[PDB]
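There is one chain below, alone, in structure tokens, taken in the form deposited in one PDB entry.
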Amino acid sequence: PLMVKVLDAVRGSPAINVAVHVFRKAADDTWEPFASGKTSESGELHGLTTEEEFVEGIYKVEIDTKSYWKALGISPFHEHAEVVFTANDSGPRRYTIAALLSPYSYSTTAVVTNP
């Protein structure tokens, strides 16, 4: 129900081994750790959560872009890329959070489908 896809606009490749942290806003308005992982050789991160665990809420997907660029010898502009959204407020959906990275720029889009 939640997938993250990361691409590299400099190399024209998947962004491999990118750390991703997901948080859910708690009743006390704090960010609770929800799930985390690293992108694969295809730039994708699957298996973060289940339909049962991925309840209504406000979620934050943090993509560790700075560590990614530093590993390639680029001192980038951003600390990270954060994507913050309400999920599953009209019932369960499938979410793909996609990011396209450059050293001084990033772009993000969502693909939301109803199973």
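Shifts are known only where both forms have a C-alpha. Just so we're on the same page, rigid core means the largest C-alpha set that superposes within 1.5 Å between forms. Residue numbers here begin at 1 and follow the sequence given.
The stretch with the higher mean CA B factor, choosing between 22 to 30 and 56 to 64, is 22 to 30. Legend: mean Cα B-factor per stretch from the PDB entry, 70 to 78 versus 35 to 43; the higher mean is in 70 to 78.
The following text describes the form deposited in another entry, which does not appear among the structures shown.
Measuring CA movement between this form and the one not shown with the rigid core aligned, the set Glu79, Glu53, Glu32, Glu41 has one residue at 2 Å or more: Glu79.
With the core held fixed between this form and the one not shown, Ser90 has its Cα displaced by under 2 Å. An increase of at least 3 Å in the separation of the C-alpha atoms of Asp29 and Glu79 is found in the other form, compared with the displayed form. Displacement of the C-alpha atoms by 2 Å or more across three or more consecutive residues between this form and the one not shown, following core superposition, is confined to the single run 65 to 79.
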